[PDB]
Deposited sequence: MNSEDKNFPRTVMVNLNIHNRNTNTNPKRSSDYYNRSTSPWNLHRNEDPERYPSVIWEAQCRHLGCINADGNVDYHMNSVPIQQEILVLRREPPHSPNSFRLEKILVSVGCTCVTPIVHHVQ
């Protein structure tokens, strides 16, 4: 069923720096995709930063991986409308603990 449709995170957020599970940002570019640029989180460490500022292996930094909507080229390299796909992306990182 074909229907019609018209028209970095670091800019406004530095949680990637101040999280106890901090992360880097990867520029994922794809011109055959809309949006063209996706920013993908990569956790910096296995452990999490503790209250002394040190990497602490009593917990783990883990990515939050989410499926999100994008638009791709149904005929490859052909900008004549496109399919609606779902891709798995790391949106950020959180700190998981064994003590719950």
Worksheet entry | Non-modelled portions of the deposited polymer sequence, in sequence order | 1-9, 17-25, 119-122
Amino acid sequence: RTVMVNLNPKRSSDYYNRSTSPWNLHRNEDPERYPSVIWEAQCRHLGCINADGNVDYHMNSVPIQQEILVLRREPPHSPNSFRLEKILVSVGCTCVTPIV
From here on, numbers count along this sequence of modelled residues.
Item to complete: Between 56-64 and 33-41, point out the one with the higher average CA B-factor as the PDB entry records it.
Response: 33-41
Practice prompt. Mind pulling up the entry and telling me whether 15-23 or 80-88 has the higher mean Cα temperature factor?
Written response: 80-88
Worksheet, complete the sentence: Chain thirds by Cα B factor, record data; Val5 belongs to the highest
Discussion item. When the deposited Cα B-factors of this chain's modelled residues are ordered and cut into thirds, is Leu71 in the lowest, the middle or the highest one?
Written reply: highest
